[PDB]
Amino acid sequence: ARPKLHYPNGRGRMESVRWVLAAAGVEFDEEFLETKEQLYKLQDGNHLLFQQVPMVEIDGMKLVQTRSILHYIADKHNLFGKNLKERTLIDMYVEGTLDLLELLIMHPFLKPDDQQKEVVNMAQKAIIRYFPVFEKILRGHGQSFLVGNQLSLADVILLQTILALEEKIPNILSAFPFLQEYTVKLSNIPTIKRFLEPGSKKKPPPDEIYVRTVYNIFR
């Protein structure tokens, strides 16, 4: 076995799956979509449940839907808590955080005028809607993890999203010292630290070639 990820060569929606696999210590392969014809081939052969990517071949199955993929991996590698109470919290936090990450996922495809507007919208949402929640959680119970004092899917997705946000707004954590310190400790967990170093399968911020490619593939 060994997971194989099907996506174009870039972050998009697949980046959360890369984060969670790397964080769990799971090495993986990628089969990159570069052309519209490669997508059609993948759709032609019944490999994509709903004709879309992300898709991951894992444990003899061909999983689709970003959130389902994440839930499966988390459950295989103790990243979804120890009971229903913790699972529920992790789930809500992840779903919330994915609504913020969505703004970064769509950013590359907005007109330039709207791209600037969207960075402002990102800043407002992070600072007013999301970060205070996680900041308060971390200030209140003091721990290095949001839930159950062990690494969970909520920590991994929050880290991805924070780090992605900081690329657009370098000082975004300045009013959030507990989140600053959280980000640093999380970033030192051996698997995460390696994922963040050169040579991992972590994808860079999207360049003009990725944007043209996705337009070419998905129109």
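Throughout, we count residues from 1 along the sequence that is shown.
- The stretch with the higher mean CA B factor, choosing between 177-185 and 154-162, is 177-185.
- Look at the mean CA B-factor for 96-104 and for 138-146 in the entry; the higher one is 138-146.
- You'll see in the entry that, of 87, 129, 71, 117, the Cα B factor peaks at 117.
- Per the deposited record, the Cα B-factor of residue 111 falls in the highest third when ranked against the other modelled residues of its chain.
- Among all modelled residues in its chain, residue 196 ranks in the middle third by Cα B-factor.
- Among all modelled residues in its chain, residue 26 ranks in the highest third by Cα B-factor.
- The entry lists a Cα temperature factor for residue 6 that places it in the lowest third of the chain's modelled residues.
- Residue 53: CA B factor in the lowest third of modelled residues in this chain (values from the PDB entry).
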